[PDB]
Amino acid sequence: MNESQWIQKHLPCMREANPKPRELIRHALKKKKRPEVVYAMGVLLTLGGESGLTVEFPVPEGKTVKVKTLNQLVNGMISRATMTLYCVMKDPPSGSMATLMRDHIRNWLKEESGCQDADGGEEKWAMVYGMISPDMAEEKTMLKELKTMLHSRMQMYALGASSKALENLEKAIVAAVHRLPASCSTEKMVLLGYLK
């Protein structure tokens, strides 16, 4: 229940959207996320009580087939996901089937769409980097060596180091954060929340 909050809680990129159903749709389309995901959010919204999200979506290519069973839905999502999802919105199921489709799409969004993992990419490391001079990093401490690792990571990317080399360093960083003392309990699981 409450698809908007569900979407926003579980698909981080969507928190930047105005919480209304259509606004979420206009937002993800603008951001040009994979077509499957935006259509899945459409279905999840409709099945939750929104009634005309169809006009928000670009009509996809091909025959407009109808989607009654969890079966059709799951097979249509192999090579024709957008069309099948769009067809769900356009002529929605009811009762128990609606529930099965709902839990399917929700589960799909949460664990297979790739849209549930936080922002990877360079912005990530610069963000976690700007978290260590606010922290008195002058402190007789090895927490300052984290910042020097993080600095070298951002530096390495600019200076052209391979993905493999970059990845070693990322493993080391995550290693060093785990090996931080128990008085950094909260600080640990925050840092580990941004780097997985």
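One-based numbering along the sequence shown.
- Per-stretch averaging of Cα B factors for 144-152 and 159-167 places 144-152 on top.
- Legend: mean Cα B-factor per stretch from the PDB entry, 180-188 versus 9-17; the higher mean is in 180-188.
- When the C-alpha B factors of 29, 37, 132, 70 are read from the deposited coordinates, the top value falls at 132.
- When all modelled residues of the chain are sorted by CA temperature factor, residue 88 is found within the lowest third.
- Ranked by Cα temperature factor within the chain, residue 53 sits in the middle third according to the deposited record.
- In the PDB entry, a CA B factor belonging to the lowest third of its chain's modelled residues is recorded for residue 82.
- Per the PDB record, residue ranking by Cα B-factor puts residue 74 in the lowest third of the chain.
- The entry lists a Cα temperature factor for residue 116 that places it in the highest third of the chain's modelled residues.
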